[PDB]
């Protein structure tokens, strides 16, 4: 029942000064059959979240190497543990970081996805300390591989606890793989941050700090929800122009501001009476933008939704104290607050509307005739092609790199 397949292994953290070649390799791994309520999933593609690059740099993994990378991806159920309910072999699933038990006081509040019973699997292991992944090293020893959290997506086959899975095939049978892959993290996060957490209403103003794939998904949501004003802030003019094309109304290049004008000052100057924005979204990973987004919000009334991640000194972020006391309102957000049972089905339906699909196509640079994305690499084409693709994640026009894992 053991599958042998290709996976992207991280040997150790890539610390500053080290290369991708030093730590990243495509290898053959062994994937054990699923136990209990687990799904073993034939992956179609992964797509590269900035958090995947932070993971390569050791984020949230002080001991959890070697590992198979990745949390953003989509695939098809190949087999299931004997206790599984509510899934079938052949279902198309995504498996984000947080499940939804629907019975804990967090689920029952109706206002959060931080489920007390199906929270983030920070151990990067099965609950017994084992892993469904292993490999045979050059010494010929069988060695354990850690997951990312509850699973790894940079692999032709993964195993995940079905309490974290949600299916695509009943609502969206024709959804292309790359779209399913960004729905598993990037698109849910940006869209949800605006729709659910900031709770943007028709006529609200929105500021979005960082228009990578997450920020652009937030623009798409703000436009869909008929925000009066959608302000985008970034150093990347290509991605600012893409945000404007998908509905942003005002753009600010933060690296072209005068030295004495902060990003929050620049945002506030666009709003009437310098009052700030109804909803402030941070989607950059830049600790400075977390404090700027907090400042750009209308004091008291508006919520600042922090989605960014990064490797911060002492794992700490900072806020300017006076501006925080006098009306700051900041929340941490994982996966857009999009609960896998209560919210994700509705987001999946929305994603199929033509303007939403067009925006996802633009994020991906998707060609529906060829099913190819602008920036794509196939796990079957070897380690050198992958290392080059990982470097090209920093290209100005690379919004979302796709890793193809199997035939579609």
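Numbering follows the first chain given and starts at 1.
If you average the C-alpha B-factors over 214 to 222 and over 312 to 320, the higher value belongs to 312 to 320. When 229 to 237 is weighed against 257 to 265, 257 to 265 comes out higher, by mean CA B-factor as recorded in the entry.
Per the deposited record, 351 carries the highest C-alpha B-factor of all listed residues (56, 68, 45, 351). Within the selection 135, 191, 157, 164, the deposited Cα B-factor values reach their highest point at 135. For residue 103, the recorded CA B-factor ranks within the highest third of the chain. Only modelled residues enter the ranking.
In the PDB entry, a CA B factor belonging to the lowest third of its chain's modelled residues is recorded for residue 7. Placement of the Cα temperature factor of residue 339 within the chain: lowest third of the modelled residues, per the deposited record. Remark: residue 51 belongs to the lowest third of its chain, ranked by C-alpha B-factor as recorded.
Sort the modelled residues of the chain by CA B factor and residue 126 lands in the middle third.
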